[PDB]
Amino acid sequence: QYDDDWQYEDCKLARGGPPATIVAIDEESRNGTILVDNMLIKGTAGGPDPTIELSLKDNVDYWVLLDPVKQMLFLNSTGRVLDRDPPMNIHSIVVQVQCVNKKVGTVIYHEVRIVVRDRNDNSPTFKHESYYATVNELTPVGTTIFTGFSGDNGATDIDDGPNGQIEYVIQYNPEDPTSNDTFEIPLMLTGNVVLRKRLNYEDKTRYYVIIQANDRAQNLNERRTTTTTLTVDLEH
């Protein structure tokens, strides 16, 4: 008994470890990107005397191509992009590599999960082309004079995690030098603007405040930024 168990070996994994094969790749990876180097399934698919048949099942939208001889899985993205961000929201691809043992007729399914990693391929984007605030000349210093970036009226970024989180800072305006001195954003996460010096309607009636939004990519050199203007008018 069990002398013949050598013929049941084809289609079984040629590696130890867990049954699923799990790999990660970047969103928007190019057509033909390698997803799995080598499935490590025992036996030979194709050629003149194969011991196994290999093929894909549950390959939804045909994202994955198989080369049975090399047991390699590749990305099929011609005419489209693998986009993790809205509106596509592809966070993962799961397919089955079906393996049929030619000699004994057994079928084994090998699950492959491809986890899609976010790139910082999106910049902050302001809902409006420009922003505006009116302030009374007697507003006390320390008062919040603009809250218009609240609740997605300001900048947003469709990436995930820190890649999609926004910080707001005021920049110096060479064409209105005192504007960054008169107004401040003390809490960069909210982007609310506070009055920092007393106003004087007899001296100056209008301020142009340059505000820059940035995302929070881990690498400073891969952070994206976008600029807007806030125009602040005094009233009597």
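For clarity, a rigid core is taken as the largest C-alpha set superposing within 1.5 Å between two forms. Counting begins at 1, following the sequence as shown.
Remark: when the other structures in 6 other deposited structures of this protein are fitted onto this one via the rigid core, 42 to 50 deviates more than the alternative among 179 to 187 and 42 to 50, judged by RMS CA distance. The PDB entry records a higher mean C-alpha B factor for 74 to 82 than for its counterpart among 74 to 82 and 101 to 109. According to the PDB record, 219 to 227 carries the higher mean C-alpha B-factor of the two stretches 11 to 19 and 219 to 227. Among the modelled residues of the chain, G191 sits in the lowest third by CA temperature factor in this PDB entry.
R206: CA B factor in the lowest third of modelled residues in this chain (values from the PDB entry). Among the modelled residues of the chain, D61 sits in the highest third by CA temperature factor in this PDB entry.
Sort the modelled residues of the chain by CA B factor and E175 lands in the highest third. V116 sits in the lowest third of its chain by CA B factor, as recorded in the PDB entry.
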